[PDB]
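**Q** Sequence below, structure please.
(one chain, ligands or ions: 3)
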Amino acid sequence: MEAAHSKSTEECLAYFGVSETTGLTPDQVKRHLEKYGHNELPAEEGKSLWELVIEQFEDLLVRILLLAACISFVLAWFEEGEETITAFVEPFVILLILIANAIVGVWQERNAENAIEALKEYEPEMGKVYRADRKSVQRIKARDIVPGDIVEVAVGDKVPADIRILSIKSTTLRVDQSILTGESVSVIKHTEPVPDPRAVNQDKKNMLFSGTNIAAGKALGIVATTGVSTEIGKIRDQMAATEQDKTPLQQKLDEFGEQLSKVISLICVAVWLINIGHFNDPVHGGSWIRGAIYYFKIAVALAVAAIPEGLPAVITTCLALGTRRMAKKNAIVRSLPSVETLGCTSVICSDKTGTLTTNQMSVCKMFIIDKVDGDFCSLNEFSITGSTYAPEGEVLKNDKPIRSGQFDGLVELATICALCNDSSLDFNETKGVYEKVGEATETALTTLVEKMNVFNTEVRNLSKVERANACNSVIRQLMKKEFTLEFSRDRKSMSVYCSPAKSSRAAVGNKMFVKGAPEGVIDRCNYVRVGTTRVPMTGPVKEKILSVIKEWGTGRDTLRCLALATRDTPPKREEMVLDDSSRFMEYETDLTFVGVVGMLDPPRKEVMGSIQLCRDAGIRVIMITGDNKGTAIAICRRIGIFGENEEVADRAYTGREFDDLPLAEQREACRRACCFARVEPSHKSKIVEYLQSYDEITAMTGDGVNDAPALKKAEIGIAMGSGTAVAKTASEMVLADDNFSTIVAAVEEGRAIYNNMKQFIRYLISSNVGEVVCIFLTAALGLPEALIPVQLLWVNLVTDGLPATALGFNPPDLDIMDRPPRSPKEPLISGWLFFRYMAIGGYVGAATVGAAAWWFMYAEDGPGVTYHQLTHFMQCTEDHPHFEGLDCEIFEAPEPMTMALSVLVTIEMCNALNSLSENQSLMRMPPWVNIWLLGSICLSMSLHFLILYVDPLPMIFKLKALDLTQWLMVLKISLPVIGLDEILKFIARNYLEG
Ligand SMILES: C/C=C(\C)C(=O)O[C@H]1C(C)=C2[C@H]([C@@H]1OC(=O)CCCCCCC)[C@@](C)(OC(C)=O)C[C@H](OC(=O)CCC)[C@@]1(O)[C@H]2OC(=O)[C@@]1(C)O
Ligand code: ALF
Ligand SMILES: [Mg+2]
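**A** Residues are numbered from 1 along each chain as shown. Ligands and ions are numbered 1, 2, ... in the order given. Here you go:
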C-alpha cells in the first residue's frame, strides 16, 4: 500500500481488510504471500569467475587482435623445411599476451565487495507479528512478513518492513532513520495521516522504515510494503546492474579502436586496387593458395603494427604506483580506473553530516540573564570552542576565556544540562576518543558541563576516562535524581525531579529542571533568574529573550536552541501522577527561566580551506544533505559554498521543491544551485545524473547508506574512513584520514598522473603510427617483409613499454591546481599535434623500409640490388632467363629485417625524449630531468643488445648481430628525428601559441 502515509490508520486497515487486535488470518497470510512475495531484498552476484573472462574477449581492440591471432596459427602451419627452425613462435606470443592481459583485468575487477550484501546487514533475522493463528505475539522470520500484517516493534529492535504506525504503546516512539536521512537524531513518530502524497521520508512521521532501528519505545503498526517496494529496497534497486560507465580516457581508447577497426580494413583494401596491372600474364608459380599467403600475412601484421599492445600493462603499472602514493596520502583507492578520472573532476557533490561536519553535536553559543531593569534587559552571551564530544574547549565571553564559575546563572544552567539528561559521555580507550552514550543532542550537554566546570574542579591531573564525566559527577552529588517525567509531543519538553543530597524524608527543598523548545518552555515561565535572584517575567524581558533565540535559530547561525528553566517550588510527590504523561505539562508550569543553549553539528576545521582550493582549481562543490535546508545553507556559508550575505533564493532547494520544478528547470538548477537539503537517497543520485547530462565528471563524497545510490552513480565515489560499510563498498575511494583536504590532494594527484598518462599514450600511439606506414610501404612499394609482427610484439611491449612507464614519472607543473579542469571530450591527438605524429609516422615508416633498402641499394656489405630489380622479390626462383643475379635467399635474409628493427628502436628512444614535453625544446626542457627515463632507455638498449647476442634470442626473431659498421648509419637516419619534431615544435610555439 503506497501512500499509506496520506491515509488514516482506519483506511490502511480497511485496505488490507484486517483487525488490529486479531491480525491476518492464516488464509490471508497465504494469499498475501502469493501476491506480494516474501519480505526480502534479492541478493546480487553477477561477478563470477567465468563471466569476467568472457568480458575480456569482448573489447574491440582485443577481438581484432584475437582474430589476427587465429589467422597467425593457420598461416604458421603452411611452412617448408629449410626454415623450420622457427615453427610456431608467432601464434604463441600473440595468444600469450592476450591471456596475460586478460588475466589482469579479472584480478582487478572480481575483488570488490557487495554493497547490497552490506546493505542487507540492516535486515533483521526475525520479527514480531500478531496473527489470527494465536493471541500471543509470534516471533517469526522477518521474510515471512506480508503486507497487511500486524507488527509490533520494541526498543533495540531493527524495523523489518515499511510500516504504517497504528498505535504507540510508549509515551513516544523515537526512531533512528540514519540509513535514509544520514542523521542519527531520534525522530518522534505519530499515528496521524500525512496528507501530502508527494511527501518525502522526513515528512512521513507516521511511517516506520525497514533497516531503521527503534531508539526508544514500543509501538504497533500495519505493514505498508515489503521487499524492494520499501525505501531501503529503492536504495537496493539503484545499486544493481551496470552501475558504472567507462573512463573518459577509455572512451578515447574505444574511439581510437573504433576508427582503427575501420582504417585497418581500409588499408587492406587499399593495397588491392594498386595490385591489378599484373594479372594480364599468368605464372605457374603459385595458385590461389600460394598467392594469398602474402595477402593475409600482411593483414595480421598490420593489426600488430597498429594496435598498441603492452599499453594495458603500462597503464596498469602507472595506476598501481599512484595508488601507493595516494595511500600514503591517506586516500585508499578501490578502483584503479577512477584515479585517472578523478583528475578530470569539475563538480564535487558532498554530503553534509559526517562528511563536511564532525557529526558531533556541540554547544557553541549560550546566554543567561545579565540585568533586568524596567523596560531594559541585557543578556550575558557566551561562545564555546570545540567541535567534538571531548571535554576540550573554552567558554568565551566576547572572545575572552573566562571561567564559568564566576557566573551564578551558568552554574544552574550547567546543573540542568547535567541533571535533566538521560545520556552520558564515554571515552573509548580502544579508539582513544570520547564517544556519546544516548542522544547526541543530550551528550552535547554532558560535554558542555565538562567544558564549563562551574566548580573549578582540578581536572588537568585526571585521566581521559575520569575526565569524561568528572564535572557531571560533582553536580550529581548535590541534587539526587528522584524521578523524571519523560518527553512528550504536546509539551515539547522534559523535566527531572531532584532532591538535595543527604536530607530528611519530610523536608521541602526539592527542585525541577525543565528542558525543551523555547516557545513552549518560556511561555510556561512566570519568572526570570538573575544569577541566584528571581524576577517576574515581563514584556520587554520576554521580547529580548525571544529575539536572540530567533537570531540564533536563524540567519548565519541557525542553531538548535533549548530553553532551560527550573521550578523552584515543585508539587508534592504524593500528588503527582507519573503513569500519565498528559499531566506532565501541568507539572511544568510556573517556571523560572535560567538560560538558553544553542547547539549545532559543526563543520570540520579544514573544510573551508579545502573547498577554496577546489574553487581555485575550477571545481564547484554542491551540498546534498538529508538534513533541513536551514542548517544546510548555514553550513554552506560557514565553509564558503555561499557568501555570508549572498542571496540564495534560487541557489538552494529542498527535495520537495526540486520535484515541483519541471524537468527542464531541475536540470538547470543543478548547474545553478550548490545546496540541496532534506533529500531522499534517490535525490542525490538524480542530481548527479543531471550533472552528468552536461558531460560533467562529478564526484560524490559521503559516509551514510543514503549516500550509496549517489556514490555509485557518480564517476568518483568517495567514502569516509569512519563511515558506513555500505558507503565504502559503493565508493571508488575511501578517505582513511576522514579529511576533505585529502580529496583536494587526490585530485592534484589525479591531474598530475593524467598529464603523464597523456604523454606515453601519445608516445605509444605515434609509435604504432610509424609502424603501419612501414608495413604500408612494403605492401605497396614492392619491398619484401622489412618487419615481421613477431618483432613488433616485443617492441611495443618491452622496447617501448619501458620508456612509456618512465614517462609516468614526468615532473608535473607547478600550476597544476591553478588551471581549470580539462574537458572530458578533449582529444589526445588534434591540430598541429596531429600533423606532427603524421609526419613522424611517415618518417619512422620510411626510416625502416628505407634502411631495409639501404642493404640492397646504397649498400657496402650487401648486394647492389637497384630499386627496379627489387620490386620483383617473388620472381627470383621462378624467373632466371630474364632476371640474372646472385642468390634468392637474399630477400628473406636476416640482415635487412634487423637493419629496419634497429632503426625503429633507436627512433623511439629519441622520440621518447620528444614525448617528455609537447611543445618545448630539449634545450629549454632538459632530457636529464626525468632520471627514470634515462635509465629506461639504457635498459631498453641493453635488451636490444641482449636479443642480438644470446643465440636463443635472435633465432625466433630472425635477427643478425649488426656490427659497428651499419650501426653508424643508424645515427645518421634515426638520430635526426629530433630535429624534425623540433622544427614542428618551434613553429607551433611561434605561429600558433607559445
Ligand atoms: C596507431 C596506428 C595509426 C596508423 C592508426 O591507424 O590510427 C589512426 C586513427 C584510428 C586515429 C589517428 C590515426 O590516423 C592516422 O595516423 C592515419 C592512418 C592511415 C594511414 C596509413 C599509414 C600509411 C591518430 C592515432 O593519429 C595521429 C597520431 O595522427 C590520432 C587520434 O588518436 C588519439 O587521439 C588517441 C586516443 C586514445 C585519432 O584521430 C584516431 O582516430 C580518432 O578516433 C582519434 C581521435 O582517436
Ligand atoms: F549524512 Al547526510 F545527507 F548529511 F546522509
Ligand atoms: Mg553522512
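**Q** From now on I want contacts and neighbour counts done on CA atoms only, so please keep to that.
**A** Fine.
**Q** distance of the residue in the stretch 151-300 of the chain that ligand 2 sits nearest to from ligand 3?
**A** Among the residues of the stretch 151-300 of the chain, residue 182 lies closest to ligand 2, at 3.2 Å counting by C-alpha to the nearest ligand atom. From residue 182 across to ligand 3, the span is 5 Å (C-alpha to the ion, to the nearest Å).
**Q** residue contacts, that residue?
**A** By C-alpha atoms under 8 Å, 6 or more residues apart in numbering, residue 182 lies in contact with 353, 625, 626, 627, 704, 705, 706, 707.
**Q** quick one: which of those residues has the most company?
**A** The residue in the contacts of residue 182 with the most neighbours, by other C-alpha atoms under 10 Å, is residue 707 (36 neighbours).
**Q** any idea whether that one is helix, strand or coil?
**A** Here residue 707 is helix, with the state taken from DSSP: H, G, I helix; E, B strand; the rest coil.
**Q** correct me, but it touches residue 682?
**A** No. Counting by C-alpha atoms under 8 Å, residue 707 sits too far from residue 682 to count as a contact (9.0 Å).
**Q** which stretches of the stretch 51-200 of the chain form helices?
**A** For the stretch 51-200 of the chain, the helices defined by DSSP state H, counting those that start in this stretch occupy 51-56, 60-74, 90-100, 102-107, 115-119, 178-181.
**Q** no, scratch that, I was asking about the stretch 701-850 of the chain
**A** Going by DSSP H, counting those that start in this stretch, the stretch 701-850 of the chain shows helices at 708-713, 725-729, 741-780, 789-794, 801-806, 832-854.
**Q** What lies in contact with the lengthiest strand in the chain?
**A** Counting by DSSP state E, the longest strand found in the chain is strand 362-373. Contacts to strand 362-373, defined as C-alpha under 8 Å, 6+ apart, come from residues 377-389, 409-410, 444-445, 447-448, 528-531, 535, 541, 594-602.
**Q** filter those residues to the buried ones?
**A** Among the contacts of strand 362-373, the ones that count as buried by 16 or more other C-alpha atoms under 10 Å are 377, 379-389, 409-410, 444-445, 447-448, 528-531, 541, 594-602.
**Q** which residues touch residue 88?
**A** Applying C-alpha under 8 Å, 6+ apart, the residues near residue 88 are 73, 76, 77.
**Q** correct me, but the first one touches residue 89?
**A** No. In this structure, residue 73 sits apart from residue 89 without contact. The criterion is C-alpha under 8 Å, and the distance is 9.3 Å.
**Q** Next up, phi/psi of the most far-flung residue of the chain relative to its centre, please.
**A** Computed with C-alpha atoms, centre = their mean, the residue of the chain farthest from its C-alpha average is residue 881, at 75.3 Å. Taking degrees, to the nearest 10, you get phi -60, psi -20 for the backbone angles of residue 881.
**Q** What of residue 449?
**A** Torsion angles, degrees, to the nearest 10, at residue 449: phi -60, psi -40.
**Q** Could you find the closest non-adjacent residue to it?
**A** Take residue 449 and drop its neighbours on the chain: the residue closest to it by C-alpha to C-alpha, 6 or more residues apart in numbering is residue 414, 5.4 Å away.
**Q** about what we covered before: which of the helices of the stretch 51-200 of the chain sits closest to residue 871?
**A** Evaluated with C-alpha to C-alpha, the helices of the stretch 51-200 of the chain place helix 60-74 nearest to residue 871, the distance being 25.4 Å.
**Q** Identify the residues contacting the closest one?
**A** 56-57, 88, 90-91, 94-95, 98, 254, 257-258, 261, 297, 299-300, 303-304, 307.
**Q** Do a quick rundown of the strands in the stretch 201-350 of the chain.
**A** For the stretch 201-350 of the chain, the strands defined by DSSP state E, counting those that start in this stretch cover 207-208, 213-216, 219-225, 331-333, 347-350.
**Q** Let me know whether residue 700 touches residue 720 as I believe.
**A** No. In this structure, residue 700 is not within contact of residue 720 by C-alpha under 8 Å, at 11.2 Å.
**Q** between those two, who's got more neighbours?
**A** The neighbour count for residue 700 versus residue 720, taken as other C-alpha under 10 Å, is higher for residue 700 (31 against 25).
**Q** In a helix, that one, correct?
**A** No. Looking at residue 700 with three-state DSSP, it is strand, so not inside a helix.
**Q** what does the protein have sitting close to ligand 2?
**A** Applying C-alpha under 6 Å from any ligand atom, we find that the chain lies next to ligand 2 at 181-183, 351-354, 625-627, 704, 706-707.
**Q** Make CSV from the residues you listed and add distance to ligand 1 to it.
**A** Shown next, in CSV, are the residues of the chain next to ligand 2 (distance: C-alpha to the nearest ligand atom, whole Å):
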residue, distance to ligand 1
181, 42
182, 41
183, 44
351, 34
352, 38
353, 40
354, 39
625, 38
626, 40
627, 43
704, 37
706, 36
707, 33
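**Q** And these, which is closest to residue 287?
**A** Nearest to residue 287 among the residues of the chain next to ligand 2: residue 707, at 68.4 Å, using C-alpha to C-alpha.
**Q** Please name the nearest non-neighbouring residue to residue 672.
**A** Per C-alpha to C-alpha, 6+ apart, closest to residue 672 is residue 651, 6.1 Å.
**Q** For the spatially most central residue of the chain, list each beta-bridge partner.
**A** Taking C-alpha atoms, centre = their mean, the centroid of the chain lies closest to residue 717, which sits 1.2 Å from it. Going by DSSP bridges, residue 717 is paired in beta bridges with residue 700.
**Q** In this structure it contacts residue 730, no?
**A** Yes. Using C-alpha under 8 Å, residue 717 is in contact with residue 730, at 6.9 Å.
**Q** Show me whatever sits in contact with both of these two.
**A** The contact sets of residue 717 and residue 730 overlap at residue 711 (C-alpha under 8 Å, 6+ apart).
**Q** Where strands are concerned, which of the buried ones among the contacts of strand 362-373 count?
**A** Cross-referencing the buried ones among the contacts of strand 362-373 against strands under DSSP E gives 377, 379-384, 528-530, 594-600.
**Q** Of those, which are in range of ligand 1?
**A** The subset of these within reach of ligand 1, by C-alpha under 6 Å from any ligand atom, is empty.
**Q** quick revisit: for the helices of the stretch 51-200 of the chain, could you give me CSV that also reports mean neighbour count?
**A** Shown next, in CSV, are these (neighbours: other C-alpha atoms under 10 Å):
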stretch, mean neighbour count
helix 51-56, 14
helix 60-74, 18
helix 90-100, 17
helix 102-107, 16
helix 115-119, 21
helix 178-181, 24
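**Q** buried stuff in stretch 489-496?
**A** Buried, per 16+ other C-alpha under 10 Å, within stretch 489-496: 491, 493, 494, 495, 496.
**Q** The closest residue to residue 850 other than its chain neighbours: helix or strand, and which one exactly?
**A** Leaving aside its chain neighbours, residue 850 sits nearest to residue 900 (8.0 Å; criterion: C-alpha to C-alpha, 6+ apart). Using DSSP states H and E, residue 900 falls within helix 896-911.
**Q** which other helices and strands contact the helix or strand just after that helix?
**A** Next along the chain after helix 896-911, taking DSSP H and E as the criterion, comes helix 931-949. Judged by 3 or more C-alpha pairs under 8 Å, 6 or more residues apart in numbering; DSSP states H and E, helix 931-949 is in contact with helix 801-806.
**Q** Which neighbouring elements make contact with the helix it packs on?
**A** helix 311-328, helix 741-780, helix 931-949.
**Q** Not counting sequence-adjacent ones, nearest residue to the closest residue to ligand 3 within the stretch 501-650 of the chain?
**A** At 7.9 Å from ligand 3, residue 625 is the closest residue in the stretch 501-650 of the chain, using C-alpha to the ion. The shortest distance from residue 625 to any non-neighbouring residue, by C-alpha to C-alpha, 6+ apart, is to residue 677 (4.7 Å).
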